[PDB]
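Encoded as structure tokens, the following chain is the form deposited in one PDB entry, with no partner shown.
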């Protein structure tokens, strides 16, 4: 029992983290086979970041202009390609620790683990969700760019995020490993700002189910609601709409707890309308939306 925001074990990603230096700019890179993927703005200074012409900075960059360090070992950059906002640095050595991996583009509301790295060295791992506004609420200091987000399925590391930018609001924006930013964000400073975020309703419901599974049941009311009526309430509290797909995804948790999703929705509706009156759920005084139904299932089962 117990329910924690759990990240994936990071070892298989730790073994892929390298440091990429281009001039004075040092960020992290992901070394998979003989390619290191890193944010293209490694070629930028902080001053370049206002409105950088990347293929201009890059076209005046050579392969030798990219310095990749893995641990205490330098990899020669023997090719450089820009794919969207990621630099693919072909290196002279394939990473022996390249796990089985996939590059995936996650959907808003999905969660992944971030291995925060500085200078190619892993500092910490934490779980987070792709917000509906395509930001992530991470913990990224200067030099964490290129830190990646991932999910692990058995033996396969699905890299879904590479950290590129802290927006002026202090949330974080990045790309998939094909260098396509999540959301309307760009690797330049600009009036670029995060759009309004919303609460991931299906995750809140999953976490309420997690709460029930862990015995924190006080918020369970005696009512049910329709999906439409719940969504009217959801909307008022800046919660994403709950779709029938979400309802179906929550099916296993409903089955485990016996609580029909629409009944849980009624409970959530009441939590939204009435608040938590100083109570907590799973040690939180807020409704948590960074656990997907699958996270809840995994954590409540022994998924390794």
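Shifts are known only where both forms have a C-alpha. Residue numbers count along the first chain shown, from 1. Here the rigid core means the biggest group of C-alpha atoms that line up within 1.5 Å when the two forms are laid on top of each other.
When the two stretches 232 to 240 and 44 to 52 are set side by side, the higher mean Cα temperature factor goes to 44 to 52.
Averaged over Cα atoms, the B-factor as recorded in the entry is higher for 100 to 108 than for the other of 100 to 108 and 223 to 231. Per the deposited record, 23 carries the highest C-alpha B-factor of all listed residues (23, 283, 11, 293). Per the deposited record, 79 carries the highest C-alpha B-factor of all listed residues (138, 132, 149, 79).
Among the modelled residues of its chain, residue 144 has a C-alpha B-factor that falls in the middle third according to the deposited record.
Among the modelled residues of its chain, residue 7 has a C-alpha B-factor that falls in the lowest third according to the deposited record. Ranked by C-alpha B-factor against the other modelled residues of its chain, residue 246 falls in the lowest third. In this PDB entry, residue 94 carries a Cα temperature factor that places it within the highest third of its chain's modelled residues. Sort the chain's modelled residues by C-alpha temperature factor and residue 154 lands in the highest third, per the entry.
Here the subject shifts to the form solved in complex with a small molecule, a form of this protein not shown in this document.
At a distance threshold of 4.5 angstroms between non-hydrogen atoms, residue 41 is in contact with the small molecule in the bound PDB entry. Contact check for residue 88: no non-hydrogen atom falls within 4.5 Å of the small molecule in the bound PDB entry.
The small molecule in the bound PDB entry comes within 4.5 Å of no heavy atom belonging to residue 36. Contact annotation for residue 30: none of its heavy atoms lies within 4.5 Å of the small molecule in the bound PDB entry.
The stretch in contact with the small molecule in the bound PDB entry, judged by heavy atoms within 4.5 Å, is 162 to 170, chosen from 74 to 82, 216 to 224, 229 to 237, 162 to 170.
Checked against the small molecule in the bound PDB entry, the residues 200, 114, 145, 208 give one hit for a heavy atom within 4.5 Å, which is 145.
Superposed on the rigid core, the two forms differ between the shown form and the other one by 2 Å or more at the C-alpha of one listed residue only; from 35, 260, 49, 247 that residue is 49. 45 to 49 is the only run of at least 3 consecutive shared residues whose C-alphas each shift by 2 Å or more between the shown form and the other one once the core is superposed.
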